[PDB]
């Protein structure tokens, strides 16, 4: 399991938590020195438990699929909550079994459905460590509309920060003041699968992407990524989604 406490958190402690979340995910090999997530994990071992504590010390436990860093559901006190989708229904066979009841949220866990339920796109929702405190608070007691926005904050401050060093650094900048995500943050979040695929294909193509990937950089400009010497490959991406998924 991994844990993070908002009480006493600072950029260093968050950075160390994200390093620890990455290290909790299994891999058999690295590609261009980036861990390659596994194609598949059978049964309960597929799920990592992430214990999150708000400023006031109240907690939720979040279930994360270790093959794709996808948040499936969470436990708050005696109630489990799962996204309305088959992978999350499967997870509910393995995690939080001792909850007194299980609620299926009235949306899947993809960005498209969460943004419709929240009534706002990611671009308009401030993120940061205060926002994560608020999100844990919101998720402690059921509210499906408020929960959708809380889950967008939770996903971006945990899973997306694990996937990209840049996004970790953006949340560190927001340790004490929330701010809507940068243009590059949205671009990277949207591109993880594509980048993963191209970096794995590059291993048999002399480091060259078979299909260049368009990103927004840290200055807000559009750039074309063509090969593994790009800083997005050498410094930024931290985990690769296996091409088998």
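Positions refer to the first chain, counted from 1. We call the rigid core whatever largest set of C-alpha positions still superposes within 1.5 Å between the two forms.
Engineer: Stretch 216-224 versus stretch 52-60: after rigid core alignment, which one is farther off in C-alpha RMS in 5 other deposited structures of this protein?
Structural biologist: Once the core is superposed, the stretch further away in 5 other deposited structures of this protein is 216-224.
Engineer: Quick one: higher average CA temperature factor, 94-102 or 75-83?
Structural biologist: 94-102 has the higher mean C-alpha B-factor.
Engineer: On mean C-alpha B-factor from the PDB entry, just flag whether 52-60 or 65-73 is the higher one.
Structural biologist: Mean CA B-factor is higher for 52-60.
Engineer: Out of 145, 134, 158, 170, which one has a C-alpha B factor higher than all the others in the entry?
Structural biologist: 145 has the highest C-alpha B-factor of those listed.
Engineer: Could you place residue 29 in the lowest, middle or highest third of its chain by Cα temperature factor, using the values in the record?
Structural biologist: Ranked within chain, residue 29 CA B lands in the highest tercile.
Engineer: When the deposited Cα B-factors of this chain's modelled residues are ordered and cut into thirds, is residue 187 in the lowest, the middle or the highest one?
Structural biologist: Its C-alpha B-factor belongs to the lowest third of this chain's values.
Engineer: Using the temperature factors of the C-alpha atoms in this entry, rank residue 200 within its chain: lowest, middle or highest third.
Structural biologist: For residue 200, the deposited C-alpha B-factor lands in the middle third.
Engineer: Name the third of the chain's ranked CA B-factors that contains residue 121, choosing lowest, middle or highest.
Structural biologist: Its C-alpha B-factor, which the entry lists for residue 121, ranks in the highest third among residues of this chain.
Engineer: Should residue 223 be placed in the lowest, middle or highest third of its chain by the C-alpha B factor in the entry?
Structural biologist: Answer is middle: the recorded C-alpha B-factor places it there.
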